[PDB]
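K.L.:
Following this message is one structure expressed as structure tokens.
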Number of protein chains: 2
Amino acid sequence: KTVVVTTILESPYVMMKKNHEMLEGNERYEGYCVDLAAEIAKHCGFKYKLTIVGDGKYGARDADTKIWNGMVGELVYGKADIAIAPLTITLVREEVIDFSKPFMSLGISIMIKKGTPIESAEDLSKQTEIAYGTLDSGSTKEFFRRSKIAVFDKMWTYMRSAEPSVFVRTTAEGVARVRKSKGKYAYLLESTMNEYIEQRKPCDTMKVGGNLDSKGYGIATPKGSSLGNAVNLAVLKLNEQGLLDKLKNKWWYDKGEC
Amino acid sequence: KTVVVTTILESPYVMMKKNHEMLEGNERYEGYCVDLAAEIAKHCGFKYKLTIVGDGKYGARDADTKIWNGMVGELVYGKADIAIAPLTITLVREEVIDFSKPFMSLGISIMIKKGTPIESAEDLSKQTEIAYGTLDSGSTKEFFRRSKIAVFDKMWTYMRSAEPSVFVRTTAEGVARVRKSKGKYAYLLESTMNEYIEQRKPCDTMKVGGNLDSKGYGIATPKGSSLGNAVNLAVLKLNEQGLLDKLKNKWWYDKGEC
Ligand SMILES: CC(C)(C)c1snc([O-])c1C[C@H]([NH3+])C(=O)O
Ligand SMILES: CC(C)(C)c1snc([O-])c1C[C@H]([NH3+])C(=O)O
């Protein structure tokens, strides 16, 4: 009866509080999605337990074993009742799980270290001196892998063949790579995360150019779950009340460092 | 030609240095195994690259897919040339990878919060008020799962059926659980790690009683790797020179906090 929430450690959506070893249950975490989960639970009238996804993945269907991993897999195989995280709504996932209307809009974007002579995806695709990649798993990588758009196909061809690998395991690694590469590495990630990092010291990164696409994050539930309807209505209510905007401002700008 | 070393983040064997985002390659890590790897490389005359195992696992053969995971899998499938970590030498693993003679001896042991009325495995097995478990994966769990020793069989029966789960994902979680349980949780882990934690503030934990078994950690290489022989001779030389003891004292006691 206690709703099991699967989420993922991804600043500023879900983070461990300072000296968390001394805290219990949900009180161990904080962030945009922690606040969102509380608001949704409050609106839908249920108790919940926040759990961090085991493999630390968002969700992808293995070609080899066909087994969904990450938060999507947790829902598909009945391990969790709802996923509250920066989980991108995609066609492939929509076929196996349900998504509420978007609680946040974003698009793939380019992160560069300030000073890098790049302002668009076309620019990256037309040169080789500045390397570029994405999270080694996730919707961003999948977008490039499945895209037939000329520029993105060219970018994907390069990325999947680049050696050393241009892919990273976490956002933190992607950021560190941009920073330590002296402008020789550009990172492709979702816009709202790009905007978040822009506000983190040493304030040496920036989002450049427009977004490569447009999509959103949604609250996910198992396909056909009765919880889906109510959660979707809560997201809409929260959006209309301005709560969603308040949360972004709180975690992105109020706590900004630049 | 550069030896790929697979290891795992497990204090004090391998740890991220303070403000590591600003460091490159092997310089990002420190610890007992980082030092050991350097000594072995120096003795065998090769260059190497330290890499953290992807799934953060030691190594187990999935029953379902039969696919080895963790550092053992990295060696089995040819992703790494050598594993330098607190990898326990077991019969099952010895059948698929090679191990040098032990570079460290240890045994499964009991970790309790000071004050807990427990001094042995028999004591734990004869009561229910104090819960107890192990790493959710690894040689310790496997020992209990495969054991036919009366006391350990009884302990395993309890552990695999206990609800909530008595298993943890990491040593850190096992320790935090012992500490936050007010003596209501005992943790089963290898002795040298138990001894390490004993030296960490708040100095509220302790190893109690004798060990449940006797074994060791070995440097692992792919089955039949030419690198195995030389690495084994290096471990023996390093042991005879007192280097192995120096490293333990350095990371356990010299840096002790109790
Ligand atoms: C970690 C973060 C959410 C910022 C990013 S950046 N590029 C991605 O593919 C992702 C993961 C994606 N949203 C997903 O749900 O798979
Ligand atoms: C993490 C640490 C090495 C202390 C422990 S404690 N109990 C275990 O099973 C392990 C893992 C084990 N050595 C292995 O190689 O699987």
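What is reported rests on the model, the rules as stated and the sources as named; no laboratory read-out is quoted. Every residue, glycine among them, receives a Cβ derived from its backbone with ideal geometry; neighbour counts consider all protein chains shown.
K.L.:
Do you know which residues across region B:168-183 are more than 12 Å from chain A (Cβ to nearest Cβ) and touching an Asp or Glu at 6+ places or on another chain (Cβ under 7 Å)?
P.N.:
Hits for region B:168-183 are B:168, B:171.
K.L.:
Looking at B:195, B:257, which one is free of Cβ contacts under 8 Å to residues at least 60 places away in the same chain and more than 28 Å from residue B:125 (Cα to Cα)? Walk me through how you get there before you give the answer.
P.N.:
Numbers: B:195 fails: more than 28 Å from residue B:125 (Cα to Cα).
The match here is B:257.
K.L.:
Applying the selection to region B:1-32, what residues are within 14 Å of chain A (Cβ to nearest Cβ) and over 25 Å from residue B:195 (Cα atoms)?
P.N.:
The answer is B:2, B:4, B:19, B:20, B:21, B:22, B:23, B:24, B:25, B:27, B:28.
K.L.:
Something else: Away from ligand 2 (no atom under 13 Å from the Cβ), away from chain A (no Cβ under 14 Å) and in contact (Cβ under 8 Å) with a residue 40 or more places away in the chain: which single residue out of B:72, B:92, B:96 fits that description?
P.N.:
Working: B:72 fails: away from ligand 2 (no atom under 13 Å from the Cβ); B:92 fails: away from ligand 2 (no atom under 13 Å from the Cβ).
Just one listed residue meets the conditions, B:96.
K.L.:
Limited to region B:138-167, what total is found for residues that are away from every other protein chain (no Cβ under 14 Å) and either within 16 Å of ligand 1 (Cβ to nearest atom) or of a type in the set (S, T, N, Q) (or both)?
P.N.:
Here the count works out to 5.
K.L.:
May I pose another question? Would you confirm, using the coordinates I've provided, whether residue B:44 is in contact with a strand residue (DSSP E or B) (Cβ under 8 Å, 6 or more places away or on another chain), of a type outside the set (S, T, N, Q) and surrounded by 14 or more Cβ atoms within 10 Å (Cβ to Cβ)?
P.N.:
Numbers: in contact with a strand residue (DSSP E or B) (Cβ under 8 Å, 6 or more places away or on another chain): no; of a type outside the set (S, T, N, Q): yes; surrounded by 14 or more Cβ atoms within 10 Å (Cβ to Cβ): yes.
No.
K.L.:
How many residues, within region A:33-63, are within 11 Å of residue A:7 (Cβ to Cβ), more than 14 Å from chain B (Cβ to nearest Cβ) and not β-branched (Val, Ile, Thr)?
P.N.:
Residues in region A:33-63 being within 11 Å of residue A:7 (Cβ to Cβ), more than 14 Å from chain B (Cβ to nearest Cβ) and not β-branched (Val, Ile, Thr): 6 in total.
K.L.:
Go through B:39, B:10, B:21 for me and flag whichever is in contact (Cβ under 8 Å) with a residue 24 or more places away in the chain, more than 16 Å from ligand 2 (Cβ to nearest atom) and either over 23 Å from residue B:102 (Cβ atoms) or assigned by CATH to the domain that holds residue B:240 (or both).
P.N.:
On the way: B:10 fails: more than 16 Å from ligand 2 (Cβ to nearest atom); B:21 fails: in contact (Cβ under 8 Å) with a residue 24 or more places away in the chain.
That would be B:39, the only listed residue that is in contact (Cβ under 8 Å) with a residue 24 or more places away in the chain, more than 16 Å from ligand 2 (Cβ to nearest atom) and either over 23 Å from residue B:102 (Cβ atoms) or assigned by CATH to the domain that holds residue B:240 (or both).
K.L.:
Looking only at helices (runs of 4 or more DSSP H) that lie completely in region B:130-242, which have at least 3 residues being assigned by CATH to the domain that holds residue B:46, surrounded by fewer than 16 Cβ atoms within 10 Å (Cβ to Cβ) and away from ligand 2 (no atom under 14 Å from the Cβ)? Let's see the steps before the verdict.
P.N.:
Working: elements: B:139-146, B:150-161, B:171-180, B:191-198, B:227-240.
Output list reads B:227-240.
K.L.:
In region B:219-258, how many residues are in contact with a strand residue (DSSP E or B) (Cβ under 6 Å, 6 or more places away or on another chain) and closer than 20 Å to residue B:31 by Cβ? I'd like the intermediate steps shown before the answer.
P.N.:
First, pick out the residues of region B:219-258 that are in contact with a strand residue (DSSP E or B) (Cβ under 6 Å, 6 or more places away or on another chain): B:220-221, B:223, B:227-228.
Narrowing the set further to residues that are closer than 20 Å to residue B:31 by Cβ leaves B:220.
The total comes to 1.
K.L.:
Separate question: Out of (1) farther than 17 Å from residue B:7 by Cβ; (2) more than 14 Å from every other protein chain (Cβ to nearest Cβ); (3) more than 12 Å from ligand 2 (Cβ to nearest atom), the odd one out for residue B:66 is which?
P.N.:
Among (1) farther than 17 Å from residue B:7 by Cβ; (2) more than 14 Å from every other protein chain (Cβ to nearest Cβ); (3) more than 12 Å from ligand 2 (Cβ to nearest atom), residue B:66 violates only (2).
K.L.:
Within region B:124-144, work out how many residues are in contact (Cβ under 8 Å) with a residue 60 or more places away in the chain and not hydroxyl-bearing (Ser, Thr, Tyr). Walk me through how you get there before you give the answer.
P.N.:
Looking only at region B:124-144, we keep the residues that are in contact (Cβ under 8 Å) with a residue 60 or more places away in the chain, and these are B:124, B:137-139, B:142-143.
Still in the list and also not hydroxyl-bearing (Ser, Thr, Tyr): B:124, B:138, B:142-143.
Qualifying residue count, region B:124-144: 4.
K.L.:
Determine, yes or no, whether residue A:116 is in contact (Cβ under 8 Å) with a residue 12 or more places away in the chain, over 28 Å from residue A:220 (Cβ atoms) and either buried (at least 18 other Cβ atoms within 10 Å of the Cβ) or out of contact with any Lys or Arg (no Cβ under 7 Å at 6 or more places or on another chain) (or both). Can you show your working first?
P.N.:
Values: in contact (Cβ under 8 Å) with a residue 12 or more places away in the chain: yes; over 28 Å from residue A:220 (Cβ atoms): yes; either buried (at least 18 other Cβ atoms within 10 Å of the Cβ) or out of contact with any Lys or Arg (no Cβ under 7 Å at 6 or more places or on another chain) (or both): yes.
Yes, satisfied.
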